[PDB]
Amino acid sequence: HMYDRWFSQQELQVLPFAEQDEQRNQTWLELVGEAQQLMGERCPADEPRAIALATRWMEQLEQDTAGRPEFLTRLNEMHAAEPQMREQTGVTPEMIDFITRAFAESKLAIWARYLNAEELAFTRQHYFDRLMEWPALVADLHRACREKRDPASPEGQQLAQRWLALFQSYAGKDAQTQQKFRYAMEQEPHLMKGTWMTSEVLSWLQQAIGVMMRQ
């Protein structure tokens, strides 16, 4: 069976997808069907119904990957190389592209209340520049936070430096603009959806960042 080709026996017991729960399958049946309908209509990704659908997708996908970023990246490996993936899930790379942009717009809608028009335009473009590098970083942050790596060590500062590079990629290099983004996240729970980040890993990261920013 399909997940057994990609997950160890121990991983399979903590992977919700591997349950073939009937209710979970029906939920994804509806999520896929709704995405198919919006795509076939060429629905713009910033329409409310698209943003709402993408928000549901990310909520469900985080739950069904057990909140483990490494399980998310395993699914991405399957979308690239598992022949049965479309047949078994109904999810396609084109569909994922639509959800990705609608989920981006779900965050741009919130950032619009904190940024001016020129900052919003910059981020609407550059949000996508390095977006797909975040799951690898999140996995490396989970491992670091797990092993109580010193946030101030060279290995911790390399992680903070990788965060800054991905953050400045979407936010820009302006200090006042960056502070708007950091304030918005503190104020808006939706901005940390679709991240696989936990309060524990965020604390570890924000300690590493704080060391980087004061120095």
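Sequential numbering from 1, following the sequence displayed.
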Which has higher Cα B-factors on average according to the PDB entry: 54-62 or 26-34? 26-34
Higher avg CA temperature factor (110-118 vs 91-99, as deposited) belongs to 110-118
Candidate residues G67, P151, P44, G172, the one whose C-alpha B factor the record puts highest: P151
So among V138, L72, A80, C145, who wins on Cα B-factor in the entry? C145
Would the CA B-factor of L202 place it in the lowest, middle or highest third of its chain? middle
Relative to the other modelled residues of the same chain, rank the CA B-factor of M192 and answer lowest, middle or highest third. middle
